[PDB]
């Protein structure tokens, strides 16, 4: 019988989505499933869905998370896929993830009813050899890759260890926190660093480039991350909206970036055949990669003006004389385009388009 783990007693009802993240449990031809994976992974995926949804709600989007196909209460409809080759054919290195994704493309072409969006989370059991095992999982792809994400499973991959000061709890923050961040990449998120103010109130940005924090110390999603998720296919509540087709078409004009005291003033105009959902601004140190501090403003029109004032004291962690400001325009179909501008703190020069 299904029971709800204590970590899921506090949970919000989520909006029904038009597209769902596919969950594939990917087994080499010689690979057995890790026991109880249906329960363990359902619990972990539903808790992760709550994290994303509560953060979207906190940022004003309502109770919107990535969609999941639910088989029964507390149980995600996980596709168990038995692969054509042994697990050694799909390693972390040397294109293992690409080979697995290609094979799943064929599976979904043969069984299109099982595909619910362009986004897939592929989970593979750990290898068990002289390097990896239940106490040191690994061997398998573990990264975002395009719209897909690869993560791993092992016996103690179980929400009951969340936040426990134990060997298994530490393992969970590494591999579940890892899954949370890598899934972010699969959901179109780049890296970004919290602002000074957000760091003090909410902790560490999920998509920061440092060590995984999820489940161990306060972790949150930035406004810029949530603006991208707003335009992510598996967060859609609008069946008529198509995602990722074509090219990102945004005309940006009369761009001006000026510096006055501790304020950075960014302005210009935009025009697109699509609704432009939002502007994200990233301020980043070289090399051109360390985490950029991000900011976001809603737009919501096909044409208009944009204006953002950024306080330099929010730029926590930046320490280079050279810095780059990137303007990212996010479109309703989930594509985006960026423009970049480079400056030096010891020789600040206001920018204006020619």
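Positions refer to the first chain, counted from 1.
Chemist: In the deposited sequence, how many residues between residue 288 and residue 289 have no modelled coordinates (none, 1 to 3, 4 to 9, 10 or more)?
Modeler: Count of unmodelled residues in between: 4 to 9.
Chemist: Which is higher on mean Cα B factor in this entry, 222-230 or 258-266?
Modeler: Mean CA B-factor is higher for 258-266.
Chemist: Please compare 41-49 with 23-31 and name the stretch with the higher mean C-alpha B-factor in the deposited structure.
Modeler: Per the PDB entry, the higher value belongs to 23-31.
Chemist: Using only the C-alpha B-factors in the record, can you name which of 153, 103, 182, 158 has the highest?
Modeler: In this record, 103 carries the highest C-alpha B-factor of the candidates.
Chemist: If you check the C-alpha B-factor for each of 57, 320, 294, 307 in the entry, which is highest?
Modeler: Max CA B-factor in the entry, restricted to 57, 320, 294, 307: 307.
Chemist: Name the third of the chain's ranked CA B-factors that contains residue 250, choosing lowest, middle or highest.
Modeler: Highest third - that is where residue 250 ends up once the chain's C-alpha B-factors are sorted.
Chemist: Of the three thirds of its chain by CA temperature factor, lowest, middle or highest, which one includes residue 81?
Modeler: Answer is middle: the recorded C-alpha B-factor places it there.
Chemist: Against its chain's modelled residues, does residue 313's Cα B factor rank lowest, middle or highest third?
Modeler: Residue 313: CA B-factor falls in the middle third of its chain.
Chemist: Comparing against every modelled residue in the chain, figure out the third that the C-alpha B-factor of residue 172 lands in (lowest, middle or highest).
Modeler: As the PDB entry reports it, the C-alpha B-factor of residue 172 lands in the middle third of its chain.
Chemist: Going by the recorded CA B-factors, say which third of the chain residue 137 sits in, lowest, middle or highest.
Modeler: Its C-alpha B-factor belongs to the middle third of this chain's values.
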